[PDB]
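Novice: As input, take query02.pdb (PDB, N, CA, C and O atoms):
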```
ATOM      1  N   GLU G   9     164.215  20.308  18.437  1.00  0.00           N
ATOM      2  CA  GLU G   9     165.008  20.432  19.652  1.00  0.00           C
ATOM      3  C   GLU G   9     164.493  19.435  20.691  1.00  0.00           C
ATOM      4  O   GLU G   9     163.303  19.124  20.713  1.00  0.00           O
ATOM      5  N   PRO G  10     165.381  18.937  21.557  1.00  0.00           N
ATOM      6  CA  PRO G  10     164.960  17.953  22.568  1.00  0.00           C
ATOM      7  C   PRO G  10     164.138  18.542  23.705  1.00  0.00           C
ATOM      8  O   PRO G  10     164.713  18.855  24.752  1.00  0.00           O
ATOM      9  N   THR G  11     162.806  18.609  23.525  1.00  0.00           N
ATOM     10  CA  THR G  11     161.907  19.666  24.002  1.00  0.00           C
ATOM     11  C   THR G  11     162.177  20.166  25.417  1.00  0.00           C
ATOM     12  O   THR G  11     162.597  21.318  25.570  1.00  0.00           O
ATOM     13  N   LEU G  12     161.948  19.364  26.463  1.00  0.00           N
ATOM     14  CA  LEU G  12     162.750  19.636  27.650  1.00  0.00           C
ATOM     15  C   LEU G  12     163.484  18.380  28.101  1.00  0.00           C
ATOM     16  O   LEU G  12     164.673  18.224  27.817  1.00  0.00           O
ATOM     17  N   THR G  13     162.760  17.496  28.816  1.00  0.00           N
ATOM     18  CA  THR G  13     162.808  16.073  29.166  1.00  0.00           C
ATOM     19  C   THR G  13     161.753  15.937  30.255  1.00  0.00           C
ATOM     20  O   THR G  13     161.223  16.954  30.707  1.00  0.00           O
ATOM     21  N   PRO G  14     161.402  14.734  30.713  1.00  0.00           N
ATOM     22  CA  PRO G  14     160.762  14.619  32.026  1.00  0.00           C
ATOM     23  C   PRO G  14     161.719  14.748  33.203  1.00  0.00           C
ATOM     24  O   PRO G  14     161.350  14.355  34.311  1.00  0.00           O
ATOM     25  N   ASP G  15     162.960  15.218  32.996  1.00  0.00           N
ATOM     26  CA  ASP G  15     163.931  15.377  34.072  1.00  0.00           C
ATOM     27  C   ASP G  15     164.306  16.816  34.397  1.00  0.00           C
ATOM     28  O   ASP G  15     164.748  17.072  35.521  1.00  0.00           O
ATOM     29  N   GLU G  16     164.182  17.757  33.457  1.00  0.00           N
ATOM     30  CA  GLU G  16     164.368  19.147  33.858  1.00  0.00           C
ATOM     31  C   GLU G  16     163.154  19.707  34.578  1.00  0.00           C
ATOM     32  O   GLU G  16     163.295  20.623  35.392  1.00  0.00           O
ATOM     33  N   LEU G  17     161.964  19.182  34.297  1.00  0.00           N
ATOM     34  CA  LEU G  17     160.768  19.633  34.987  1.00  0.00           C
ATOM     35  C   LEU G  17     160.731  19.233  36.451  1.00  0.00           C
ATOM     36  O   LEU G  17     159.954  19.813  37.211  1.00  0.00           O
ATOM     37  N   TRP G  18     161.504  18.230  36.859  1.00  0.00           N
ATOM     38  CA  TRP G  18     161.691  17.987  38.282  1.00  0.00           C
ATOM     39  C   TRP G  18     162.375  19.157  38.970  1.00  0.00           C
ATOM     40  O   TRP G  18     161.974  19.549  40.069  1.00  0.00           O
ATOM     41  N   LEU G  19     163.410  19.730  38.347  1.00  0.00           N
ATOM     42  CA  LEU G  19     164.181  20.783  39.008  1.00  0.00           C
ATOM     43  C   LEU G  19     163.422  22.099  39.121  1.00  0.00           C
ATOM     44  O   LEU G  19     163.682  22.871  40.046  1.00  0.00           O
ATOM     45  N   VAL G  20     162.512  22.386  38.188  1.00  0.00           N
ATOM     46  CA  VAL G  20     161.624  23.537  38.336  1.00  0.00           C
ATOM     47  C   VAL G  20     160.703  23.353  39.538  1.00  0.00           C
ATOM     48  O   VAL G  20     160.575  24.243  40.386  1.00  0.00           O
ATOM     49  N   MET G  21     160.061  22.188  39.639  1.00  0.00           N
ATOM     50  CA  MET G  21     159.136  21.926  40.734  1.00  0.00           C
ATOM     51  C   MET G  21     159.866  21.689  42.052  1.00  0.00           C
ATOM     52  O   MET G  21     159.279  21.876  43.120  1.00  0.00           O
ATOM     53  N   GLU G  22     161.148  21.345  42.009  1.00  0.00           N
ATOM     54  CA  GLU G  22     161.922  21.241  43.238  1.00  0.00           C
ATOM     55  C   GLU G  22     162.121  22.595  43.899  1.00  0.00           C
ATOM     56  O   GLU G  22     162.120  22.686  45.132  1.00  0.00           O
ATOM     57  N   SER G  23     162.216  23.662  43.109  1.00  0.00           N
ATOM     58  CA  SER G  23     162.393  24.989  43.677  1.00  0.00           C
ATOM     59  C   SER G  23     161.110  25.586  44.219  1.00  0.00           C
ATOM     60  O   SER G  23     161.162  26.645  44.850  1.00  0.00           O
ATOM     61  N   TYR G  24     159.968  24.950  43.990  1.00  0.00           N
ATOM     62  CA  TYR G  24     158.721  25.506  44.488  1.00  0.00           C
ATOM     63  C   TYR G  24     158.565  25.254  45.974  1.00  0.00           C
ATOM     64  O   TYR G  24     158.028  26.100  46.689  1.00  0.00           O
ATOM     65  N   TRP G  25     159.010  24.101  46.464  1.00  0.00           N
ATOM     66  CA  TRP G  25     158.794  23.791  47.865  1.00  0.00           C
ATOM     67  C   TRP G  25     159.979  24.148  48.748  1.00  0.00           C
ATOM     68  O   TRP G  25     159.835  24.119  49.970  1.00  0.00           O
ATOM     69  N   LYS G  26     161.148  24.448  48.183  1.00  0.00           N
ATOM     70  CA  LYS G  26     162.243  24.938  49.016  1.00  0.00           C
ATOM     71  C   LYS G  26     162.285  26.452  49.076  1.00  0.00           C
ATOM     72  O   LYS G  26     163.112  27.008  49.803  1.00  0.00           O
ATOM     73  N   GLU G  27     161.411  27.131  48.343  1.00  0.00           N
ATOM     74  CA  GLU G  27     161.304  28.576  48.456  1.00  0.00           C
ATOM     75  C   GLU G  27     160.217  28.925  49.462  1.00  0.00           C
ATOM     76  O   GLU G  27     160.485  29.568  50.480  1.00  0.00           O
ATOM     77  N   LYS G  28     158.995  28.489  49.198  1.00  0.00           N
ATOM     78  CA  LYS G  28     157.900  28.586  50.147  1.00  0.00           C
ATOM     79  C   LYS G  28     157.525  27.189  50.619  1.00  0.00           C
ATOM     80  O   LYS G  28     157.625  26.213  49.875  1.00  0.00           O
ATOM     81  N   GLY G  29     157.100  27.094  51.864  1.00  0.00           N
ATOM     82  CA  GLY G  29     156.913  25.810  52.501  1.00  0.00           C
ATOM     83  C   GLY G  29     155.653  25.096  52.070  1.00  0.00           C
ATOM     84  O   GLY G  29     155.037  25.406  51.048  1.00  0.00           O
ATOM     85  N   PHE G  30     155.274  24.108  52.873  1.00  0.00           N
ATOM     86  CA  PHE G  30     154.046  23.366  52.645  1.00  0.00           C
ATOM     87  C   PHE G  30     152.873  23.905  53.443  1.00  0.00           C
ATOM     88  O   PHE G  30     151.735  23.823  52.977  1.00  0.00           O
ATOM     89  N   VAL G  31     153.121  24.454  54.628  1.00  0.00           N
ATOM     90  CA  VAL G  31     152.060  25.083  55.426  1.00  0.00           C
ATOM     91  C   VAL G  31     152.006  26.549  55.023  1.00  0.00           C
ATOM     92  O   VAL G  31     152.522  27.445  55.687  1.00  0.00           O
ATOM     93  N   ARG G  32     151.357  26.801  53.900  1.00  0.00           N
ATOM     94  CA  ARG G  32     151.273  28.158  53.395  1.00  0.00           C
ATOM     95  C   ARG G  32     149.973  28.819  53.805  1.00  0.00           C
ATOM     96  O   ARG G  32     149.983  29.982  54.203  1.00  0.00           O
ATOM     97  N   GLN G  33     148.860  28.090  53.681  1.00  0.00           N
ATOM     98  CA  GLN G  33     147.527  28.649  53.889  1.00  0.00           C
ATOM     99  C   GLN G  33     147.329  29.197  55.304  1.00  0.00           C
ATOM    100  O   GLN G  33     146.757  30.280  55.461  1.00  0.00           O
ATOM    101  N   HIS G  34     147.758  28.474  56.346  1.00  0.00           N
ATOM    102  CA  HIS G  34     147.628  29.019  57.699  1.00  0.00           C
ATOM    103  C   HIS G  34     148.552  30.205  57.922  1.00  0.00           C
ATOM    104  O   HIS G  34     148.104  31.289  58.306  1.00  0.00           O
ATOM    105  N   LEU G  35     149.847  29.998  57.690  1.00  0.00           N
ATOM    106  CA  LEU G  35     150.877  30.990  57.988  1.00  0.00           C
ATOM    107  C   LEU G  35     150.672  32.295  57.223  1.00  0.00           C
ATOM    108  O   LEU G  35     150.761  33.375  57.811  1.00  0.00           O
ATOM    109  N   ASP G  36     150.465  32.227  55.910  1.00  0.00           N
ATOM    110  CA  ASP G  36     150.388  33.452  55.119  1.00  0.00           C
ATOM    111  C   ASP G  36     149.142  34.264  55.449  1.00  0.00           C
ATOM    112  O   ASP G  36     149.203  35.494  55.525  1.00  0.00           O
ATOM    113  N   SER G  37     147.995  33.608  55.593  1.00  0.00           N
ATOM    114  CA  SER G  37     146.767  34.338  55.891  1.00  0.00           C
ATOM    115  C   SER G  37     146.740  34.893  57.314  1.00  0.00           C
ATOM    116  O   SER G  37     146.199  35.980  57.544  1.00  0.00           O
ATOM    117  N   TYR G  38     147.273  34.144  58.286  1.00  0.00           N
ATOM    118  CA  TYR G  38     147.366  34.638  59.663  1.00  0.00           C
ATOM    119  C   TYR G  38     148.275  35.856  59.768  1.00  0.00           C
ATOM    120  O   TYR G  38     148.065  36.717  60.628  1.00  0.00           O
ATOM    121  N   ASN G  39     149.343  35.886  58.971  1.00  0.00           N
ATOM    122  CA  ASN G  39     150.240  37.035  58.920  1.00  0.00           C
ATOM    123  C   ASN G  39     149.496  38.313  58.569  1.00  0.00           C
ATOM    124  O   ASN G  39     149.840  39.390  59.062  1.00  0.00           O
ATOM    125  N   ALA G  40     148.495  38.225  57.701  1.00  0.00           N
ATOM    126  CA  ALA G  40     147.744  39.419  57.359  1.00  0.00           C
ATOM    127  C   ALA G  40     146.764  39.831  58.453  1.00  0.00           C
ATOM    128  O   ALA G  40     146.394  41.007  58.515  1.00  0.00           O
ATOM    129  N   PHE G  41     146.320  38.899  59.299  1.00  0.00           N
ATOM    130  CA  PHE G  41     145.463  39.262  60.426  1.00  0.00           C
ATOM    131  C   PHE G  41     146.177  40.136  61.448  1.00  0.00           C
ATOM    132  O   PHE G  41     145.539  40.976  62.085  1.00  0.00           O
ATOM    133  N   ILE G  42     147.486  39.958  61.629  1.00  0.00           N
ATOM    134  CA  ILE G  42     148.210  40.808  62.568  1.00  0.00           C
ATOM    135  C   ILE G  42     148.389  42.201  61.988  1.00  0.00           C
ATOM    136  O   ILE G  42     148.227  43.209  62.686  1.00  0.00           O
ATOM    137  N   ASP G  43     148.705  42.281  60.700  1.00  0.00           N
ATOM    138  CA  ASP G  43     148.920  43.575  60.067  1.00  0.00           C
ATOM    139  C   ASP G  43     147.609  44.322  59.865  1.00  0.00           C
ATOM    140  O   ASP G  43     147.402  45.403  60.420  1.00  0.00           O
ATOM    141  N   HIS G  44     146.707  43.756  59.073  1.00  0.00           N
ATOM    142  CA  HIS G  44     145.550  44.484  58.580  1.00  0.00           C
ATOM    143  C   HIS G  44     144.231  43.992  59.150  1.00  0.00           C
ATOM    144  O   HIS G  44     143.180  44.544  58.812  1.00  0.00           O
ATOM    145  N   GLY G  45     144.249  42.965  59.986  1.00  0.00           N
ATOM    146  CA  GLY G  45     143.029  42.423  60.544  1.00  0.00           C
ATOM    147  C   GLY G  45     142.512  43.184  61.743  1.00  0.00           C
ATOM    148  O   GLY G  45     141.331  43.534  61.798  1.00  0.00           O
ATOM    149  N   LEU G  46     143.395  43.438  62.711  1.00  0.00           N
ATOM    150  CA  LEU G  46     142.978  44.019  63.979  1.00  0.00           C
ATOM    151  C   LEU G  46     142.518  45.457  63.816  1.00  0.00           C
ATOM    152  O   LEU G  46     141.620  45.900  64.538  1.00  0.00           O
ATOM    153  N   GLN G  47     143.124  46.199  62.888  1.00  0.00           N
ATOM    154  CA  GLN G  47     142.826  47.620  62.753  1.00  0.00           C
ATOM    155  C   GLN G  47     141.452  47.852  62.138  1.00  0.00           C
ATOM    156  O   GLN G  47     140.806  48.864  62.427  1.00  0.00           O
ATOM    157  N   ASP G  48     140.961  46.910  61.340  1.00  0.00           N
ATOM    158  CA  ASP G  48     139.692  47.118  60.659  1.00  0.00           C
ATOM    159  C   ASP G  48     138.483  46.790  61.524  1.00  0.00           C
ATOM    160  O   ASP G  48     137.379  47.239  61.204  1.00  0.00           O
ATOM    161  N   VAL G  49     138.653  46.027  62.599  1.00  0.00           N
ATOM    162  CA  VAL G  49     137.520  45.741  63.472  1.00  0.00           C
ATOM    163  C   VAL G  49     137.287  46.901  64.431  1.00  0.00           C
ATOM    164  O   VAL G  49     136.143  47.245  64.748  1.00  0.00           O
TER     165      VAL G  49
END
```
Go ahead and render the structure in this file as structure tokens.
Specialist:
Amino acid sequence: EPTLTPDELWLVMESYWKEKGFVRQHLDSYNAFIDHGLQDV
């Protein structure tokens, strides 16, 4: 079978950055500080 191509793998990786953004590390971790950060101190 024509295994995939080097062209269908573009479309899989294209959906990775239009679902979740590029600034993930700041935004996602800070979101947990508002929910579960303040109550534990």
Novice: Just to confirm, what's the straight-line distance from atom CA of residue G:46 to atom CA of residue G:31 in Å (one decimal)?
Specialist: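 About the pair atom CA of residue G:46 and atom CA of residue G:31: they are 22.7 Å apart.
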Novice: From chain G, collect each residue whose DSSP state is helix (DSSP H, G or I) and return the set as a VMD selection string.
Specialist: chain G and resid 16 to 25 33 to 45
Novice: Atom O of residue G:25 to atom C of residue G:13: how many Å, to one decimal?
Specialist: 21.4 Å
Novice: Could you tell me how far atom CA of residue G:16 sits from atom N of residue G:33, in Å to one decimal place?
Specialist: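 So the answer is 26.7 Å.
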